[PDB]
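Here we start with a single chain on its own, the form deposited without ligand ATP, put down as structure tokens.
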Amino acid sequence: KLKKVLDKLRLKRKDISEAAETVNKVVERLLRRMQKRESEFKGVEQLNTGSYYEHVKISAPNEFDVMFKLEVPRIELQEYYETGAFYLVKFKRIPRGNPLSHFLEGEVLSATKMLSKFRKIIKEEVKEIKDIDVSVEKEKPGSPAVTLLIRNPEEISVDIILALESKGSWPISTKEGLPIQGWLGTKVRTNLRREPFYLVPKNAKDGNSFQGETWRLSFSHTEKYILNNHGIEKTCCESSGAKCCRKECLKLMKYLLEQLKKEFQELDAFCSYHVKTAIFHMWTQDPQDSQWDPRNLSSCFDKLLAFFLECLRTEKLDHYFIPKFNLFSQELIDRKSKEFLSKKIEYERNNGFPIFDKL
């Protein structure tokens, strides 16, 4: 039933190759510029993240998420109003001049300055790329990235996310986060939290206090690992194991939301990370791989639908790494929007998903 939809969201090798050539050229160039010659971002490191590198990119290879992560050693971290996700970054005992001293704002490290210099260097280097049609997208509020528009005949979007890497232990609001013990295990969880944690610019433009100095936690790496190692059995989806319908369900969900969101302006507040969080919670609820047999697809998909409905109705969706962070708060999303989405999803659900047959 949903097989043909998946066969339609399935990417094509020609498109993947054609896009990745160009994307890799550009990104490598920027990485060089930022790293090689004298930047404040020297030593910055690449980390490919997002749907394309998690193998859950649908329809087209037209979105690439790339992290330029920079390690900031002695870093004092201060939570922003018990939010869980938002922090302020101070420098402990800076011994010398410090390559980020121009980005200091009062006493704290400024995300806005840093991101502006970052953006300036990217623009300058992009100007010199003569073999590819590439421009820089206008700054979007909320965005932690410098977005590039590539015309490789087709339109490809590339988010260059500026990140701060901390190698220390994760914030204490992540303690009860990442509930994968009865699913991926305790050794996997223990080894994952030994990885560094990341910080992106919040880049909110509401004018509120601090604002330009406020950072947000990122775990795109942990999520990438989880997407690549998703079974309770190590051989899941491997060449000597059984395929599950997890990633496919994720795809179907993301697609439904994409179609809906491009048909209705009332869904502007919603994004694919909401459904990603939701499917994490569904995987924690149903750890067993047999609960995700391609046998059904229909049933597990419908179950995900159901859970996300409930998330909407209760106006709750805890961050999978920060459980005191509701992504479906009234603060973030109005209940009118959520009920609207609820209605749309319900219609599509008990009407045989006609929107999948659209565009």
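So that the term is clear: the rigid core is the largest set of C-alpha atoms that superpose within 1.5 Å between two forms. Residue numbers run from 1 along the displayed sequence.
Checking the other entries of this protein that model its neighbours, is residue 95 missing in at least a third?
-> Counting only entries that model residues on both sides, residue 95 is unresolved in at least a third of them.
Which wins on mean Cα temperature factor, 72-80 or 129-137?
-> The deposited B-factors put 72-80 ahead on the C-alpha mean.
Mean CA B-factor: is it higher for 289-297 or for 49-57?
-> The stretch with the larger mean CA B-factor is 289-297.
Residue with highest C-alpha B-factor in the PDB entry, from 182, 196, 201, 95 = Among 182, 196, 201, 95, the highest C-alpha B-factor in the entry belongs to 95.
Candidate set 332, 66, 322, 30 [ranked by C-alpha B-factor, highest] = Largest recorded C-alpha B-factor: 332.
Compare the C-alpha B factor of residue 255 with those of the other modelled residues in its chain, then answer lowest, middle or highest third.
-> Middle third - that is where residue 255 ends up once the chain's C-alpha B-factors are sorted.
Residue 119 - Cα temperature factor, lowest/middle/highest third of chain | Ranked within chain, residue 119 CA B lands in the lowest tercile.
Check where residue 90 lands among this chain's C-alpha B-factors and tell me if it's the lowest, middle or highest third.
-> Top third by C-alpha B-factor.
With respect to C-alpha B-factor, does residue 264 fall in the lowest, middle or highest third of the chain as deposited?
-> Highest third - that is where residue 264 ends up once the chain's C-alpha B-factors are sorted.
Third of the chain, ranked by Cα B-factor, where residue 162 sits = CA B-factor rank for residue 162: lowest third.
The following text describes the form solved in complex with ligand ATP, which does not appear among the structures shown.
Place ligand ATP, as positioned in the entry with it bound, onto this chain through superposition of its site C-alphas, and say whether the site is open or blocked according to the 2.4 Å backbone and C-beta criterion (3 or more atoms for blocked).
-> Site status open, zero atoms under the 2.4 Å cut.
Name the stretch, out of 286-294, 30-38, 55-63, 299-307, where some heavy atom lies within 4.5 Å of ligand ATP in the entry with it bound.
-> Selected stretch: 55-63.
Considering ligand ATP in the entry with it bound, which of 243, 216, 90, 193 comes within 4.5 Å of it through any heavy atom?
-> For this set of options, the contacting one is 216.
Using heavy atoms only and a 4.5 Å cut-off, determine which of 266, 125, 105, 223 is in contact with ligand ATP in the entry with it bound.
-> It is 223 that has a heavy atom within 4.5 Å of the partner.
Should residue 51 be counted as a contact of ligand ATP in the entry with it bound, where contact means heavy atoms within 4.5 Å?
-> Residue 51: yes, in contact with ligand ATP in the entry with it bound.
How about residue 276: is it within 4.5 Å of ligand ATP in the entry with it bound, going by heavy atoms?
-> Result yes; residue 276 sits at the interface with ligand ATP in the entry with it bound.
Is residue 272 close enough to ligand ATP in the entry with it bound to count, meaning some heavy atom within 4.5 Å?
-> Judged by the heavy-atom cut-off of 4.5 Å, residue 272 is in contact with ligand ATP in the entry with it bound.
Tell which of 55, 324, 36, 316, after superposing on the rigid core, has its C-alpha displaced by 2 Å or more between this form and the one not shown, please.
-> Among the listed residues, the outlier is 36.
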